[PDB]
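Heads up, the thing below is written out as C-alpha cells.
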Amino acid sequence: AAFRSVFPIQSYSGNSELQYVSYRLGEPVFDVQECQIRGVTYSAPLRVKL
Amino acid sequence: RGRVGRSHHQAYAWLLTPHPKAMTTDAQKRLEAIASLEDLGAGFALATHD
Amino acid sequence: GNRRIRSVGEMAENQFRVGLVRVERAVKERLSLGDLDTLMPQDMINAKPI
C-alpha cells in the first residue's frame, strides 16, 4: 500500500517515469542472539526491484 | 555572448534551460541575471553581480 | 467506538511512508534532471532517508 500510494513517478518534463514492481526482504546478517551480543540491530535488509 | 557580432546583422543567442524545478539555485540566479540584464556594457554589471 | 488502536504495523507503515516522501522528492529532482540515458535505478534513490 505504501509503494503503490507513492509510486509511479512522472518527471517534471513528462519524459521519464519510475515505477514499482515488487519487494523482498533480505536475510538478516546475524541471528537475534548474536545481535543482542554484539549490540546491533536484528534487521532485515529490504531489496526492491524497480 | 560577446562572441558573435562585429558585423551589420542582428545576432541571436539561444540559451537552453531545463525545467525550472530541475535547474539548480545558483543556475537560477545566473539565468535571471543574464535574462534581466541584456544590453551593452552588461558584463561589468554581470561581474558586479557575480 | 471513537478511539482506534494503532498497533505496531500502522505506525511503522506510516513512518516508512513519510521516509519515502523524502525519497520521492529526491528522485523527482534527480529524475527530472536530465542526461537520463546512462541512469540506473540505484543512484536516484538513496537509502539514507528511509
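How things are named: the first chain in the C-alpha cells is A, the next is B, and so on; residues count from 1 in each chain; ligands count from 1 in the order shown.
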
From a DSSP calculation on the backbone, collect every residue of chain B in helix (DSSP H, G or I) and output the set as a compact mmCIF listing (two decimals) with N, CA, C and O atoms, in the first residue's frame.
```txt
# COMPACT_ATOMS: atom_id res chain seq x y z
N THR B 25 19.88 26.23 -7.91
CA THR B 25 19.61 27.56 -7.36
C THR B 25 20.58 28.61 -7.89
O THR B 25 20.17 29.72 -8.23
N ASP B 26 21.88 28.28 -7.93
CA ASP B 26 22.85 29.20 -8.50
C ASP B 26 22.60 29.41 -9.98
O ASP B 26 22.70 30.54 -10.47
N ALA B 27 22.26 28.34 -10.69
CA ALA B 27 21.93 28.43 -12.10
C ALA B 27 20.70 29.28 -12.33
O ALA B 27 20.63 30.00 -13.33
N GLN B 28 19.73 29.21 -11.40
CA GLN B 28 18.57 30.09 -11.47
C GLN B 28 18.99 31.54 -11.48
O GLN B 28 18.75 32.24 -12.46
N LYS B 29 19.75 31.96 -10.46
CA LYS B 29 20.16 33.35 -10.33
C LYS B 29 21.07 33.77 -11.47
O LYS B 29 21.02 34.92 -11.93
N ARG B 30 21.87 32.83 -11.97
CA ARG B 30 22.67 33.05 -13.17
C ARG B 30 21.80 33.44 -14.35
O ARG B 30 22.00 34.48 -14.99
N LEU B 31 20.77 32.63 -14.60
CA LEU B 31 19.88 32.89 -15.72
C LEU B 31 19.02 34.12 -15.52
O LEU B 31 18.76 34.82 -16.50
N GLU B 32 18.58 34.40 -14.30
CA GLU B 32 17.79 35.62 -14.09
C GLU B 32 18.65 36.86 -14.24
O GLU B 32 18.18 37.90 -14.71
N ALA B 33 19.93 36.76 -13.85
CA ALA B 33 20.85 37.86 -14.07
C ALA B 33 21.04 38.13 -15.55
O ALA B 33 20.96 39.27 -15.99
N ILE B 34 21.25 37.07 -16.33
CA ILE B 34 21.55 37.32 -17.74
C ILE B 34 20.27 37.51 -18.55
O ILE B 34 20.32 37.99 -19.69
N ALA B 35 19.12 37.16 -17.99
CA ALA B 35 17.86 37.46 -18.65
C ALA B 35 17.45 38.89 -18.38
O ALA B 35 17.05 39.62 -19.30
N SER B 36 17.55 39.31 -17.12
CA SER B 36 17.23 40.67 -16.70
C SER B 36 18.19 41.66 -17.35
O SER B 36 17.76 42.72 -17.83
N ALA B 42 27.11 45.20 -20.36
CA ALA B 42 26.47 44.46 -19.28
C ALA B 42 27.45 43.72 -18.40
O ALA B 42 27.18 43.58 -17.21
N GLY B 43 28.60 43.30 -18.95
CA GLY B 43 29.45 42.34 -18.27
C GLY B 43 30.04 42.87 -16.98
O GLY B 43 30.26 42.12 -16.03
N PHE B 44 30.31 44.18 -16.92
CA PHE B 44 30.74 44.77 -15.67
C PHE B 44 29.65 44.70 -14.62
O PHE B 44 29.93 44.44 -13.44
N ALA B 45 28.40 44.96 -15.01
CA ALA B 45 27.30 44.71 -14.09
C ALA B 45 27.17 43.22 -13.82
O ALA B 45 26.85 42.81 -12.70
N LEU B 46 27.43 42.40 -14.83
CA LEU B 46 27.39 40.96 -14.64
C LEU B 46 28.48 40.50 -13.68
O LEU B 46 28.23 39.67 -12.81
N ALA B 47 29.68 41.06 -13.82
CA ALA B 47 30.74 40.74 -12.87
C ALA B 47 30.41 41.31 -11.49
O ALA B 47 30.75 40.70 -10.46
N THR B 48 29.75 42.46 -11.47
CA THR B 48 29.36 43.10 -10.23
C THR B 48 28.38 42.24 -9.46
O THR B 48 28.51 42.10 -8.23
N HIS B 49 27.44 41.63 -10.15
CA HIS B 49 26.55 40.67 -9.52
C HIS B 49 27.17 39.30 -9.34
O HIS B 49 26.65 38.52 -8.55
```

Rows by chain and residue number, chain C within 7 Å of segment 2-19 of chain A, shortest pair, only C-alpha atoms, as JSON lines:
```
{"residue": "C:17", "atom": "CA", "partner": "A:2", "partner_atom": "CA", "distance": 5.9}
{"residue": "C:28", "atom": "CA", "partner": "A:11", "partner_atom": "CA", "distance": 6.2}
{"residue": "C:31", "atom": "CA", "partner": "A:11", "partner_atom": "CA", "distance": 6.0}
{"residue": "C:32", "atom": "CA", "partner": "A:11", "partner_atom": "CA", "distance": 4.8}
```

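With only C-alpha atoms as the basis for measurement, C:29 is the residue among C:12, C:37, C:45, C:29 that approaches chain B most closely.
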
> Mind listing as a PyMOL selection string which residues of chain B are within 8 Å of chain C, counting only C-alpha atoms?
Replying inline: chain B and resi 18-19+21-23

Please dump the current selection as a PDB file, in the first residue's frame; keep C-alpha atoms.
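So the final result, stored in selection-v8.pdb, reads:
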```
ATOM      1  CA  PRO B  18      15.852  22.703 -18.102  1.00  0.00           C
ATOM      2  CA  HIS B  19      12.634  22.521 -16.109  1.00  0.00           C
ATOM      3  CA  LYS B  21      12.383  22.963 -10.699  1.00  0.00           C
ATOM      4  CA  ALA B  22      15.133  20.892 -12.328  1.00  0.00           C
ATOM      5  CA  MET B  23      17.709  23.682 -12.585  1.00  0.00           C
TER       6      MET B  23
END
```

>> Report as an MDAnalysis selection string all protein, DNA and RNA residues lying within 9 Å of residue 27 of chain A, evaluated on only C-alpha atoms, omitting residues in the same chain fewer than 6 positions from it.
In response: chainID A and resid 43:46
